[PDB]
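A single chain comes next, written as structure tokens; it is the form deposited in one PDB entry.
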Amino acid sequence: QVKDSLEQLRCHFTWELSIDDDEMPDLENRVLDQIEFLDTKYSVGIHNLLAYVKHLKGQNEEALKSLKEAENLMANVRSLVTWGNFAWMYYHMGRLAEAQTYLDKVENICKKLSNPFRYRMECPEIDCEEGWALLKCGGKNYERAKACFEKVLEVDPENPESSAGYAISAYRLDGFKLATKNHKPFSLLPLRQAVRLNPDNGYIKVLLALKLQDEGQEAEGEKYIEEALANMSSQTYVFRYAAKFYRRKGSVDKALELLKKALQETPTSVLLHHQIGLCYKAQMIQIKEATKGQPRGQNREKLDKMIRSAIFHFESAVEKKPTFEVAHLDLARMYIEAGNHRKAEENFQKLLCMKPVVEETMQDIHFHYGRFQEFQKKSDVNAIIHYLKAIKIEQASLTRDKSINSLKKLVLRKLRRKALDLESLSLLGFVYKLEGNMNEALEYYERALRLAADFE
């Protein structure tokens, strides 16, 4: 009825934003933070998104409040997202006259001079608006968000807004491939473009600095960190990426300072907690190296405090975002480090049921579970099961290569207890095949086949 009119509207309700129930507390928290701390030109988008999240929570009057706040801030065409959200709001509540009121407002603006004249309207602004909503709703929406901004840059290649959106989506997709071999810095030129056209935007400067750092250009990146830190623009966000920059440079204490300052503004940020975990992890590794694995007295004291601190923050991260895979894995591994194998295991079992956006993250999950099964749980069969499972995920990566090598070591261990084993001989043949060592691959497979026929 009116419902087919609603389905033509370009707004949050029709954009199929991929939002697990599990990610909802976290998303709302990130929406509130952005509203308070992100320096942008139009804050209408994020309140429209706050509205949608309230609506998914079952709090429609709060959702209405957020739409009224967005309206009170409202080019004018971006109001259309607000109005379409209003239309859906009033529908879902059951104010069919009020919904219709707002549909009619959308239609009247859609007659200057829109092609689908009815409720959809095609302009750069609503494209960007779909981009940013997708870009805030988690990694699975990122290819789509990139395409939205890219659509607009196909037409207007010097659009400052969509150049930003495009460059941030790209940097984050680049992020997913840092673990793959033969990753290319696809976001480096877009970020340079984006900084040129949004010269005041510190958020974009710090990601550029991080990309520069990944490509070995530390000096140039550090200038962007120092610049970004000297401007108000998005102080709290600049703090997070500046901290990441200094940690990867090896100024861990400087990182902590920034992260802890940022935690006052945004206590809830799983990014912060995770990254603060990584600072403590890196300090644990420093002490372990300087004391040759045998810390005593005060050193042991400090190592223990840092293991507790990392666990505290990785725990704080996954409580707030249960689907935060990498944070679960780091927690599993901190638990191993602390001697808590059940806690390790428990985090490993939750990891085994996840569908990561980043396929390589499942390789890491199996690799590290397999090592947990070899060295902590003393179960070779499960090590092998899981090293094989990591190997089976096709993607070339350092971690897959690690799994091949871990399988090799374990099977050569087994063959030196018991050389006449059909599985072990076939496994070692397999490993050699995955190394590209084909003479040996065939030699071990042949031995296994000849072992079979001799046994019969």
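Numbering starts at 1 and follows the sequence shown. Note that the rigid core is defined as the largest set of C-alphas that superpose within 1.5 Å between two forms.
As recorded in the PDB entry, how many deposited residues are without coordinates between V357 and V358: none, 1 to 3, 4 to 9, or 10 or more?
The entry leaves nothing out here.
Quick check on the record: does 46 to 54 or 415 to 423 carry the larger mean Cα temperature factor?
Mean C-alpha B-factor is greater for 415 to 423.
Could you check which stretch, 369 to 377 or 231 to 239, carries the larger mean CA temperature factor in the entry?
Mean B over CA atoms: larger for 369 to 377.
Looking at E337, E325, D156, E130, which one carries the largest C-alpha B-factor according to the PDB entry?
Reading the PDB entry, the winner on C-alpha B-factor is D156.
In terms of CA temperature factor as recorded, identify the highest of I204, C148, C279, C123.
In this record, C123 carries the highest C-alpha B-factor of the candidates.
So where's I109 on the chain's Cα temperature factor ranking, which third?
As the PDB entry reports it, the C-alpha B-factor of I109 lands in the highest third of its chain.
Using the temperature factors of the C-alpha atoms in this entry, rank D401 within its chain: lowest, middle or highest third.
Within its chain, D401 is a middle-third residue by C-alpha B-factor, going by the deposited values.
Among modelled residues of the same chain, the CA temperature factor third for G94:
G94: CA B-factor falls in the highest third of its chain.
Position of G221 among the chain's modelled residues by C-alpha B-factor, lowest, middle or highest third:
Lowest third, going by the recorded CA B-factors of the chain.
Ranking every modelled residue in this chain by its Cα temperature factor as given in the entry, which third contains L103?
Its C-alpha B-factor, which the entry lists for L103, ranks in the highest third among residues of this chain.
The following text describes the form deposited in another entry, which does not appear among the structures shown.
Large Cα shift (2 Å or above) at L422 between this form and the one not shown, core-fitted:
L422 C-alpha, core-superposed: shift of less than 2 Å.
With both forms fit on the core, has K377 moved 2 Å or more by CA between this form and the one not shown?
Yes; that C-alpha moves by at least 2 Å between this form and the one not shown.
Using a rigid core superposition, assess whether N115 undergoes a CA shift of 2 Å or more between this form and the one not shown.
Shift of 2 Å or more: yes.
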